[PDB]
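Below sits a lone chain in structure tokens, taken as the form deposited in one PDB entry.
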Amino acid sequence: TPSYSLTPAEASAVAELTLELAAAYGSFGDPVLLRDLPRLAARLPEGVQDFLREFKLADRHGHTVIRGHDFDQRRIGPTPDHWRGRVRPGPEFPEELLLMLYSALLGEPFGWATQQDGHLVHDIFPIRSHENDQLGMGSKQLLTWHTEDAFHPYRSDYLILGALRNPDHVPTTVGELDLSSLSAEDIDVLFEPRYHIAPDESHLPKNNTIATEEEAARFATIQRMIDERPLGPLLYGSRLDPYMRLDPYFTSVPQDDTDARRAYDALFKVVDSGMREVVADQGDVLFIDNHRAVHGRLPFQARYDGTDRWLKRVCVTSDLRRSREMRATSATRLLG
């Protein structure tokens, strides 16, 4: 798995850029900043730019890491208790800007309207009231591995995770597909529309307002997937080096299909045993290809004292316009 280690000079260059940008722009509520992101990202070190571009175009590895970022701990401050009720933007705004610049190198940053007040950069840190919960804000509970939003037609193409701090070196789990570990019959079956992938509860149209024609037409495609229950493949693209969409928790193998179940069990075993622990430490930015890797997080003991693990999260789409029907306006980047 190729990575890129920043020299101090590059690290210093990136840090300097993020600071200048943070001073020059007010918040992410500025549409000019979203407009300028790709051009602004051209001012990152050249080696970084070539690296990510090579990662994007190679379409081979399902993750990569850029290590060695200078994340100024004094300026960033204490890990917050909650995301709710924070001044926007925080003093860690430069790091958020960084991840947005990276996101423009891969595609477009986008979000989910119901998630963390629609912030394009998500917070991942322990919250005490979310202790017994399986998500980013958890800690005690194991975050089993998955493709992000496996059922969803407009799911992220890439995820970007930037570790502001991770004092106890808590690893993220990521797994790829070892294609030589599967029989050619199984591959053929997994390529065929023989599986049901269930929506996550947050994507359910009964969760969101049952008001007006306006909002009904916004979930009509999901509603149809729920109603009709179309069956779909779990491997796609090239038969030789395939994309996958695997979330074990929401995948249903039809009982009568003995071939589908045999192949799924083989696909599951290969991916589970292939899982790797990747530690995103302070100043690491982990890039995950959502079509080639799955990801999870191991359980850890939080302290809720402002010294806790803190990652930032940005989701990337390679085609913002493909999801227009699920977005209120053309300008808005929030599905739902």
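Residues that one form lacks are left out of the comparison. The term rigid core refers to the maximal set of C-alpha atoms that superpose within 1.5 Å between the two forms. Heads up: residue numbers just count along the shown sequence, starting at 1.
The form deposited in another entry exists for this protein as well; it is not shown, and the discussion that follows is about that form.
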(request) Would you mind telling me which residue of 104, 182, 113, 226 shifts its Cα by 2 Å or more between this form and the one not shown when the core is superposed? (result) 226
(message) Having a change of 3 Å or more in the C-alpha distance between residue 223 and residue 233, I'd like to know whether it is closer or farther in the other entry than in the form here.
(response) farther
(request) Specify closer or farther for residue 319 and residue 227: how their Cα atoms are spaced in the other entry versus the shown form, given a shift of 3 angstroms or more. (result) closer
(request) Go ahead and list the segments of at least 3 residues in a row whose C-alphas all shift 2 Å or more between this form and the one not shown, with the rigid core as the reference fit. (result) 140-143, 217-229
